[PDB]
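Peer 1:
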Amino acid sequence: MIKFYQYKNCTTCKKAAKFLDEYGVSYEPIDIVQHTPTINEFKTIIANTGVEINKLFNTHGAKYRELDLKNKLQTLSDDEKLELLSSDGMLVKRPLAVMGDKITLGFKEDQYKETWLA
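Heads up: the sequence shown begins at 1 in the entry's author numbering, then just goes up one per residue.
Encoded structure:
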């Protein structure tokens with residue numbers, strides 16, 4: 001089934017878990033920081049799904065600007081990006097659902113129908 005990464009009382013996690021449940025689609029509710037993928041696990045799922053490694057970072061408004069990672073990410077290797085995501089599961093997108101070569105980030109009904117459904 002789908003490896004549905006989440007963490008804590010988040011509306012996005014409730015939206016995704018409800019929508020998967022809504023279509024009878026099976027998932028695995030595991031935490032993103034408590035059960036953070038290693039550097040290996042990340043480069044595997046990204047070589048499989050072909051997902052953008054940069055969208056896996058927690059986007060605007062959050063720690064991305066606090067730590068100011070953007071300035072180092074524009075010069076380092078995509079390997080070192082994987083390592084940062086492995087160093088913190090909160091640095092990863094807390095709403096993630098990966099399943100072999102299929103994946104959805106955040107709440108989009110669009111991504112859910114495009115990837116999981118039909």
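We put the CB at the ideal spot given by N, CA and C, even for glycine.
Using CA atoms only, rank isn't needed, just tell me which of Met90, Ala16, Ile103 is closest to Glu52.
Peer 2: It is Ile103 whose Cα lies nearest to the Cα of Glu52.
Peer 1: When the Cα atoms are used, what is the spatial distance from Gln6 to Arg94?
Peer 2: Approximately 5 Å, taken between the alpha carbons.
Peer 1: Taking 7 Å as the cut-off, does the CB of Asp31 come closer than this to any heavy atom belonging to the ligand MG?
Peer 2: Absent from the structure shown: the ligand MG. Ligands present: none.
Peer 1: Using the three-state DSSP reduction, which class does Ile32 fall into: helix, strand or coil?
Peer 2: In this structure, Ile32 counts as coil in the three-state DSSP scheme.
Peer 1: Going by other Cβ atoms of all chains shown within 10 Å of its Cβ, with 16 needed for buried, is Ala97 buried or exposed?
Peer 2: With 16 or more other Cβ atoms within 10 Å, it is buried.
Peer 1: What do you get for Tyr23, buried or exposed, if any count of 16 or more other CB atoms within 10 angstroms of its CB means buried?
Peer 2: Per the 10 Å Cβ criterion, exposed.
Peer 1: Output needed for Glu28: all residues of its chain with C-beta closer than 8 Å, excluding positions within five of it in sequence on either side, in chain order.
Peer 2: Answer for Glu28: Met1, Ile2, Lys3, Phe4, listed in chain order.
Peer 1: Could you tell me which residues DSSP pairs with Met99 in its beta bridges?
Peer 2: BP columns for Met99 point to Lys102.
Peer 1: With respect to the alpha helix (DSSP H) encompassing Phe57, which residues constitute its N-terminal and C-terminal limits?
Peer 2: Careful: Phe57 lies outside any alpha helix (DSSP H) and carries neither H nor E.
Peer 1: Figure out for me which residue from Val25, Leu56, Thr12 has the closest Cα to the Cα of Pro37.
Peer 2: For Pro37, the nearest C-alpha among the options comes from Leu56.
Peer 1: Near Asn58, which residues of its chain fall below 8 Å by C-beta distance, leaving aside the five closest residues on each side in sequence?
Peer 2: Excluding sequence neighbours, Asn58 sits near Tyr64, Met90, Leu91, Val92, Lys93, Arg94.
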